[PDB]
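Source file: run37.pdb. Holds: PDB, C-alpha atoms.
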ATOM      1  CA  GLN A   1      30.671  32.368  32.945  1.00  0.00           C
ATOM      2  CA  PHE A   2      31.978  34.292  35.964  1.00  0.00           C
ATOM      3  CA  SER A   3      32.689  37.909  36.816  1.00  0.00           C
ATOM      4  CA  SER A   4      35.176  39.219  39.355  1.00  0.00           C
ATOM      5  CA  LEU A   5      35.416  41.877  42.063  1.00  0.00           C
ATOM      6  CA  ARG A   6      38.106  44.561  42.376  1.00  0.00           C
ATOM      7  CA  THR A   7      38.794  45.629  45.985  1.00  0.00           C
ATOM      8  CA  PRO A   8      41.684  47.453  47.698  1.00  0.00           C
ATOM      9  CA  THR A   9      42.007  44.901  50.526  1.00  0.00           C
ATOM     10  CA  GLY A  10      40.009  42.104  48.931  1.00  0.00           C
ATOM     11  CA  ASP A  11      37.225  41.557  51.490  1.00  0.00           C
ATOM     12  CA  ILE A  12      33.937  40.843  49.715  1.00  0.00           C
ATOM     13  CA  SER A  13      31.603  40.601  52.743  1.00  0.00           C
ATOM     14  CA  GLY A  14      29.487  43.631  51.758  1.00  0.00           C
ATOM     15  CA  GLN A  15      28.743  42.413  48.221  1.00  0.00           C
ATOM     16  CA  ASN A  16      27.323  39.601  46.092  1.00  0.00           C
ATOM     17  CA  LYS A  17      29.026  36.581  44.562  1.00  0.00           C
ATOM     18  CA  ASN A  18      28.616  34.785  41.261  1.00  0.00           C
ATOM     19  CA  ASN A  19      25.426  32.800  41.198  1.00  0.00           C
ATOM     20  CA  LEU A  20      25.299  29.549  39.254  1.00  0.00           C
ATOM     21  CA  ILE A  21      22.656  29.801  36.541  1.00  0.00           C
ATOM     22  CA  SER A  22      22.315  26.871  34.172  1.00  0.00           C
ATOM     23  CA  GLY A  23      20.910  27.085  30.685  1.00  0.00           C
ATOM     24  CA  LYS A  24      20.165  24.548  27.966  1.00  0.00           C
ATOM     25  CA  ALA A  25      19.546  24.232  24.235  1.00  0.00           C
ATOM     26  CA  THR A  26      16.712  21.915  23.116  1.00  0.00           C
ATOM     27  CA  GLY A  27      16.611  19.802  19.948  1.00  0.00           C
ATOM     28  CA  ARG A  28      13.139  18.835  18.639  1.00  0.00           C
ATOM     29  CA  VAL A  29      11.680  16.558  15.966  1.00  0.00           C
ATOM     30  CA  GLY A  30      10.408  18.356  12.844  1.00  0.00           C
ATOM     31  CA  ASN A  31       7.538  17.506  10.520  1.00  0.00           C
ATOM     32  CA  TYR A  32       7.633  14.526   8.217  1.00  0.00           C
ATOM     33  CA  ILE A  33       8.881  14.795   4.661  1.00  0.00           C
ATOM     34  CA  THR A  34       6.625  12.647   2.460  1.00  0.00           C
ATOM     35  CA  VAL A  35       6.337  12.080  -1.271  1.00  0.00           C
ATOM     36  CA  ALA A  36       3.269   9.939  -2.090  1.00  0.00           C
ATOM     37  CA  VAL A  37       1.840   8.599  -5.393  1.00  0.00           C
ATOM     38  CA  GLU A  38      -1.158   6.479  -6.425  1.00  0.00           C
ATOM     39  CA  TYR A  39      -2.258   4.861  -9.682  1.00  0.00           C
ATOM     40  CA  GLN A  40      -5.098   2.606 -10.848  1.00  0.00           C
ATOM     41  CA  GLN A  41      -4.718  -1.132 -11.379  1.00  0.00           C
ATOM     42  CA  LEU A  42      -5.796  -0.581 -15.007  1.00  0.00           C
ATOM     43  CA  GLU A  43      -2.932   1.898 -15.547  1.00  0.00           C
ATOM     44  CA  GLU A  44      -0.395  -0.621 -14.257  1.00  0.00           C
ATOM     45  CA  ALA A  45      -1.761  -3.318 -16.561  1.00  0.00           C
ATOM     46  CA  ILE A  46      -1.626  -1.364 -19.830  1.00  0.00           C
ATOM     47  CA  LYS A  47       0.550   1.812 -19.179  1.00  0.00           C
ATOM     48  CA  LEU A  48       3.222   1.313 -16.520  1.00  0.00           C
ATOM     49  CA  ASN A  49       6.315  -0.452 -17.982  1.00  0.00           C
ATOM     50  CA  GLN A  50       9.594   0.456 -16.185  1.00  0.00           C
ATOM     51  CA  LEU A  51       7.931   1.584 -12.961  1.00  0.00           C
ATOM     52  CA  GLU A  52      11.231   1.003 -11.139  1.00  0.00           C
ATOM     53  CA  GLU A  53      12.862   3.756 -13.222  1.00  0.00           C
TER      54      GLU A  53
ATOM     55  CA  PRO P   1     -43.784 -46.730  20.945  1.00  0.00           C
ATOM     56  CA  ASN P   2     -40.020 -46.211  20.544  1.00  0.00           C
ATOM     57  CA  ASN P   3     -38.974 -42.582  20.070  1.00  0.00           C
ATOM     58  CA  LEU P   4     -35.461 -42.632  18.554  1.00  0.00           C
ATOM     59  CA  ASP P   5     -35.294 -39.251  16.726  1.00  0.00           C
ATOM     60  CA  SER P   6     -32.639 -37.823  19.137  1.00  0.00           C
ATOM     61  CA  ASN P   7     -30.221 -40.674  18.517  1.00  0.00           C
ATOM     62  CA  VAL P   8     -29.442 -39.407  15.005  1.00  0.00           C
ATOM     63  CA  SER P   9     -28.582 -36.087  13.430  1.00  0.00           C
ATOM     64  CA  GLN P  10     -29.910 -34.158  10.390  1.00  0.00           C
ATOM     65  CA  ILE P  11     -27.158 -34.408   7.806  1.00  0.00           C
ATOM     66  CA  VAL P  12     -26.479 -32.121   4.880  1.00  0.00           C
ATOM     67  CA  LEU P  13     -24.076 -34.073   2.653  1.00  0.00           C
ATOM     68  CA  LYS P  14     -20.999 -32.357   1.228  1.00  0.00           C
ATOM     69  CA  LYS P  15     -22.096 -32.418  -2.426  1.00  0.00           C
ATOM     70  CA  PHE P  16     -23.521 -29.864  -4.837  1.00  0.00           C
ATOM     71  CA  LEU P  17     -26.109 -30.231  -7.553  1.00  0.00           C
ATOM     72  CA  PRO P  18     -25.513 -29.146 -11.164  1.00  0.00           C
ATOM     73  CA  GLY P  19     -26.534 -25.602 -12.086  1.00  0.00           C
ATOM     74  CA  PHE P  20     -27.919 -23.954 -15.179  1.00  0.00           C
ATOM     75  CA  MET P  21     -25.145 -22.817 -17.479  1.00  0.00           C
ATOM     76  CA  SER P  22     -25.010 -20.903 -20.759  1.00  0.00           C
ATOM     77  CA  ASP P  23     -23.633 -22.652 -23.819  1.00  0.00           C
ATOM     78  CA  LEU P  24     -20.742 -20.285 -24.839  1.00  0.00           C
ATOM     79  CA  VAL P  25     -20.727 -20.930 -28.591  1.00  0.00           C
ATOM     80  CA  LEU P  26     -19.464 -17.514 -29.679  1.00  0.00           C
ATOM     81  CA  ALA P  27     -16.508 -17.635 -27.292  1.00  0.00           C
ATOM     82  CA  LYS P  28     -15.397 -21.046 -28.468  1.00  0.00           C
ATOM     83  CA  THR P  29     -15.759 -20.320 -32.213  1.00  0.00           C
ATOM     84  CA  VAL P  30     -14.140 -16.854 -32.750  1.00  0.00           C
ATOM     85  CA  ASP P  31     -10.393 -16.607 -33.318  1.00  0.00           C
ATOM     86  CA  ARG P  32      -8.557 -16.502 -30.018  1.00  0.00           C
ATOM     87  CA  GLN P  33      -4.919 -16.947 -31.193  1.00  0.00           C
ATOM     88  CA  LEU P  34      -4.115 -13.604 -32.818  1.00  0.00           C
ATOM     89  CA  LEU P  35      -5.068 -11.426 -29.854  1.00  0.00           C
ATOM     90  CA  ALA P  36      -3.380 -13.554 -27.118  1.00  0.00           C
ATOM     91  CA  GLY P  37      -0.743 -11.724 -25.077  1.00  0.00           C
ATOM     92  CA  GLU P  38      -0.668  -8.837 -27.565  1.00  0.00           C
ATOM     93  CA  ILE P  39      -2.084  -6.111 -25.267  1.00  0.00           C
ATOM     94  CA  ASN P  40       0.343  -5.530 -22.389  1.00  0.00           C
ATOM     95  CA  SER P  41       1.997  -2.725 -20.444  1.00  0.00           C
ATOM     96  CA  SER P  42       4.210  -1.564 -23.312  1.00  0.00           C
ATOM     97  CA  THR P  43       1.216  -1.261 -25.639  1.00  0.00           C
ATOM     98  CA  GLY P  44      -1.282   1.009 -23.936  1.00  0.00           C
ATOM     99  CA  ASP P  45      -4.983   1.187 -24.569  1.00  0.00           C
ATOM    100  CA  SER P  46      -5.354  -0.621 -27.941  1.00  0.00           C
ATOM    101  CA  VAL P  47      -3.388  -2.286 -30.768  1.00  0.00           C
ATOM    102  CA  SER P  48      -3.631  -2.948 -34.531  1.00  0.00           C
ATOM    103  CA  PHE P  49      -3.155  -5.706 -37.140  1.00  0.00           C
ATOM    104  CA  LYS P  50      -2.244  -5.443 -40.857  1.00  0.00           C
ATOM    105  CA  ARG P  51      -4.923  -5.691 -43.591  1.00  0.00           C
ATOM    106  CA  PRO P  52      -3.774  -7.857 -46.565  1.00  0.00           C
ATOM    107  CA  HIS P  53      -2.831  -6.158 -49.875  1.00  0.00           C
TER     108      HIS P  53
END
Take the structure I supplied and represent it as structure tokens, if you would.
Amino acid sequence: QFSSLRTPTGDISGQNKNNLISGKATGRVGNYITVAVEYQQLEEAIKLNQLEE
Amino acid sequence: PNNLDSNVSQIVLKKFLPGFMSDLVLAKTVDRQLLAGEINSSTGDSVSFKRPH
């Protein structure tokens, strides 16, 4: 973005110009999202029908 | 006075001897047919049969 100067004759020698100042926006990685489950071999053998569903 | 012991090796043949083994009468004489494949993952912990009238 720039500003301007308002002068009767338009000589700017006694003054200061626009600088050029960069800026930036940073994207980052977040935390993981994790759903975890565990079950005993016994449970799968006798309890676990339809585990898919 | 021939000393030939380094011409030959000490072999251990690839063969095993018979072990001691229990007889397993009770396993081979109780009924095995009724209970075969009847406890599975739709059933859960246990399962029941019908007494005759």
#### Entry: Hits from the PyMOL selection byres ((chain P) within 6 of (chain A)), listed as a list in words
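Selected by the PyMOL selection byres ((chain P) within 6 of (chain A)) in this file: residues 40, 41, 42 and 44 of chain P.
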### Query
At what distance in Å, to one decimal, does atom CA of residue P:47 lie from atom CA of residue P:35?
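Atom-to-atom, atom CA of residue P:35 to atom CA of residue P:47, that is 9.3 Å.
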### Atomic separation - atom CA of residue P:18 relative to atom CA of residue P:32, Å
28.3 Å
### Query
In Å, how far is it from atom CA of residue A:15 to atom CA of residue A:3?
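Between atom CA of residue A:15 and atom CA of residue A:3 the gap works out to 12.9 Å.
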### Message
List the spatial neighbours of stretch 49-52 of chain P as a list in words - criterion: any atom at most 12 Å away, all atoms listed in the file, same-chain residues fewer than 6 positions off excluded.
### Response
residues 34, 35, 38 and 39 of chain P
Could you give me the centre and size, in Å to one decimal, of an axis-aligned box around all listed atoms of stretch 6-22 of chain A with 4 Å added on every side, as JSON?
{"center_x": 32.2, "center_y": 37.2, "center_z": 43.5, "size_x": 27.7, "size_y": 28.6, "size_z": 26.6}
### Query
Can you list, as a list in words, the residues that the PyMOL selection byres ((chain A and resi 18) around 8) selects here?
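Applying the expression gives residues 2, 3, 16, 17, 19 and 20 of chain A.
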Complete the atom set of stretch 13-44 of chain P to N, CA and C atoms and return it as a PDB file, keeping the file's coordinate frame.
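Written output follows (out-v9.pdb):
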ATOM      1  N   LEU P  13     -25.270 -33.469   3.236  1.00  0.00           N
ATOM      2  CA  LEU P  13     -24.076 -34.073   2.653  1.00  0.00           C
ATOM      3  C   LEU P  13     -23.177 -33.008   2.046  1.00  0.00           C
ATOM      4  N   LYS P  14     -21.892 -33.330   1.867  1.00  0.00           N
ATOM      5  CA  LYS P  14     -20.999 -32.357   1.228  1.00  0.00           C
ATOM      6  C   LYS P  14     -20.919 -32.705  -0.255  1.00  0.00           C
ATOM      7  N   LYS P  15     -21.887 -32.177  -1.004  1.00  0.00           N
ATOM      8  CA  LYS P  15     -22.096 -32.418  -2.426  1.00  0.00           C
ATOM      9  C   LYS P  15     -22.946 -31.273  -2.944  1.00  0.00           C
ATOM     10  N   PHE P  16     -22.733 -30.904  -4.197  1.00  0.00           N
ATOM     11  CA  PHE P  16     -23.521 -29.864  -4.837  1.00  0.00           C
ATOM     12  C   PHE P  16     -24.228 -30.435  -6.050  1.00  0.00           C
ATOM     13  N   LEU P  17     -25.346 -29.849  -6.374  1.00  0.00           N
ATOM     14  CA  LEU P  17     -26.109 -30.231  -7.553  1.00  0.00           C
ATOM     15  C   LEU P  17     -25.655 -29.422  -8.762  1.00  0.00           C
ATOM     16  N   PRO P  18     -25.856 -29.933  -9.970  1.00  0.00           N
ATOM     17  CA  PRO P  18     -25.513 -29.146 -11.164  1.00  0.00           C
ATOM     18  C   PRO P  18     -26.407 -27.918 -11.322  1.00  0.00           C
ATOM     19  N   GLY P  19     -25.816 -26.835 -11.843  1.00  0.00           N
ATOM     20  CA  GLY P  19     -26.534 -25.602 -12.086  1.00  0.00           C
ATOM     21  C   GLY P  19     -27.031 -25.480 -13.522  1.00  0.00           C
ATOM     22  N   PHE P  20     -27.654 -24.345 -13.804  1.00  0.00           N
ATOM     23  CA  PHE P  20     -27.919 -23.954 -15.179  1.00  0.00           C
ATOM     24  C   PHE P  20     -26.727 -23.170 -15.699  1.00  0.00           C
ATOM     25  N   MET P  21     -26.329 -23.455 -16.933  1.00  0.00           N
ATOM     26  CA  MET P  21     -25.145 -22.817 -17.479  1.00  0.00           C
ATOM     27  C   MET P  21     -25.361 -22.509 -18.952  1.00  0.00           C
ATOM     28  N   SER P  22     -24.982 -21.299 -19.361  1.00  0.00           N
ATOM     29  CA  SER P  22     -25.010 -20.903 -20.759  1.00  0.00           C
ATOM     30  C   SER P  22     -24.011 -21.704 -21.603  1.00  0.00           C
ATOM     31  N   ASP P  23     -24.275 -21.719 -22.902  1.00  0.00           N
ATOM     32  CA  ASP P  23     -23.633 -22.652 -23.819  1.00  0.00           C
ATOM     33  C   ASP P  23     -22.227 -22.200 -24.235  1.00  0.00           C
ATOM     34  N   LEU P  24     -22.031 -20.890 -24.456  1.00  0.00           N
ATOM     35  CA  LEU P  24     -20.742 -20.285 -24.839  1.00  0.00           C
ATOM     36  C   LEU P  24     -20.280 -20.687 -26.241  1.00  0.00           C
ATOM     37  N   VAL P  25     -21.177 -20.647 -27.228  1.00  0.00           N
ATOM     38  CA  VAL P  25     -20.727 -20.930 -28.591  1.00  0.00           C
ATOM     39  C   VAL P  25     -19.789 -19.845 -29.079  1.00  0.00           C
ATOM     40  N   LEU P  26     -20.223 -18.581 -29.032  1.00  0.00           N
ATOM     41  CA  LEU P  26     -19.464 -17.514 -29.679  1.00  0.00           C
ATOM     42  C   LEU P  26     -18.042 -17.448 -29.143  1.00  0.00           C
ATOM     43  N   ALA P  27     -17.856 -17.685 -27.844  1.00  0.00           N
ATOM     44  CA  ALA P  27     -16.508 -17.635 -27.292  1.00  0.00           C
ATOM     45  C   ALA P  27     -15.651 -18.745 -27.866  1.00  0.00           C
ATOM     46  N   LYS P  28     -16.208 -19.933 -28.014  1.00  0.00           N
ATOM     47  CA  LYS P  28     -15.397 -21.046 -28.468  1.00  0.00           C
ATOM     48  C   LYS P  28     -15.197 -21.082 -29.978  1.00  0.00           C
ATOM     49  N   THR P  29     -15.935 -20.285 -30.766  1.00  0.00           N
ATOM     50  CA  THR P  29     -15.759 -20.320 -32.213  1.00  0.00           C
ATOM     51  C   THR P  29     -15.076 -19.109 -32.861  1.00  0.00           C
ATOM     52  N   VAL P  30     -14.880 -17.984 -32.167  1.00  0.00           N
ATOM     53  CA  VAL P  30     -14.140 -16.854 -32.750  1.00  0.00           C
ATOM     54  C   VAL P  30     -12.640 -17.060 -32.551  1.00  0.00           C
ATOM     55  N   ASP P  31     -11.834 -16.378 -33.365  1.00  0.00           N
ATOM     56  CA  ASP P  31     -10.393 -16.607 -33.318  1.00  0.00           C
ATOM     57  C   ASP P  31      -9.818 -16.073 -32.014  1.00  0.00           C
ATOM     58  N   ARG P  32      -9.160 -16.945 -31.254  1.00  0.00           N
ATOM     59  CA  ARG P  32      -8.557 -16.502 -30.018  1.00  0.00           C
ATOM     60  C   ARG P  32      -7.031 -16.374 -30.077  1.00  0.00           C
ATOM     61  N   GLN P  33      -6.380 -16.824 -31.157  1.00  0.00           N
ATOM     62  CA  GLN P  33      -4.919 -16.947 -31.193  1.00  0.00           C
ATOM     63  C   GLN P  33      -4.228 -15.626 -31.487  1.00  0.00           C
ATOM     64  N   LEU P  34      -4.800 -14.816 -32.379  1.00  0.00           N
ATOM     65  CA  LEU P  34      -4.115 -13.604 -32.818  1.00  0.00           C
ATOM     66  C   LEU P  34      -3.973 -12.603 -31.686  1.00  0.00           C
ATOM     67  N   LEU P  35      -4.989 -12.486 -30.846  1.00  0.00           N
ATOM     68  CA  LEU P  35      -5.068 -11.426 -29.854  1.00  0.00           C
ATOM     69  C   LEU P  35      -4.459 -11.830 -28.494  1.00  0.00           C
ATOM     70  N   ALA P  36      -3.814 -12.997 -28.401  1.00  0.00           N
ATOM     71  CA  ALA P  36      -3.380 -13.554 -27.118  1.00  0.00           C
ATOM     72  C   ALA P  36      -2.019 -12.990 -26.710  1.00  0.00           C
ATOM     73  N   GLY P  37      -1.969 -12.345 -25.543  1.00  0.00           N
ATOM     74  CA  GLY P  37      -0.743 -11.724 -25.077  1.00  0.00           C
ATOM     75  C   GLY P  37      -0.272 -10.523 -25.872  1.00  0.00           C
ATOM     76  N   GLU P  38      -1.101  -9.968 -26.758  1.00  0.00           N
ATOM     77  CA  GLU P  38      -0.668  -8.837 -27.565  1.00  0.00           C
ATOM     78  C   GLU P  38      -0.968  -7.472 -26.957  1.00  0.00           C
ATOM     79  N   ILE P  39      -1.879  -7.362 -25.990  1.00  0.00           N
ATOM     80  CA  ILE P  39      -2.084  -6.111 -25.267  1.00  0.00           C
ATOM     81  C   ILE P  39      -1.439  -6.251 -23.901  1.00  0.00           C
ATOM     82  N   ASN P  40      -0.407  -5.453 -23.641  1.00  0.00           N
ATOM     83  CA  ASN P  40       0.343  -5.530 -22.389  1.00  0.00           C
ATOM     84  C   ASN P  40       0.820  -4.128 -22.018  1.00  0.00           C
ATOM     85  N   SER P  41       1.710  -4.035 -21.026  1.00  0.00           N
ATOM     86  CA  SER P  41       1.997  -2.725 -20.444  1.00  0.00           C
ATOM     87  C   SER P  41       2.988  -1.904 -21.256  1.00  0.00           C
ATOM     88  N   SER P  42       3.496  -2.418 -22.376  1.00  0.00           N
ATOM     89  CA  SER P  42       4.210  -1.564 -23.312  1.00  0.00           C
ATOM     90  C   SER P  42       3.295  -0.961 -24.358  1.00  0.00           C
ATOM     91  N   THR P  43       2.131  -1.566 -24.548  1.00  0.00           N
ATOM     92  CA  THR P  43       1.216  -1.261 -25.639  1.00  0.00           C
ATOM     93  C   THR P  43       0.321  -0.060 -25.358  1.00  0.00           C
ATOM     94  N   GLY P  44      -0.274   0.009 -24.182  1.00  0.00           N
ATOM     95  CA  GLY P  44      -1.282   1.009 -23.936  1.00  0.00           C
ATOM     96  C   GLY P  44      -2.652   0.504 -24.333  1.00  0.00           C
TER      97      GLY P  44
END
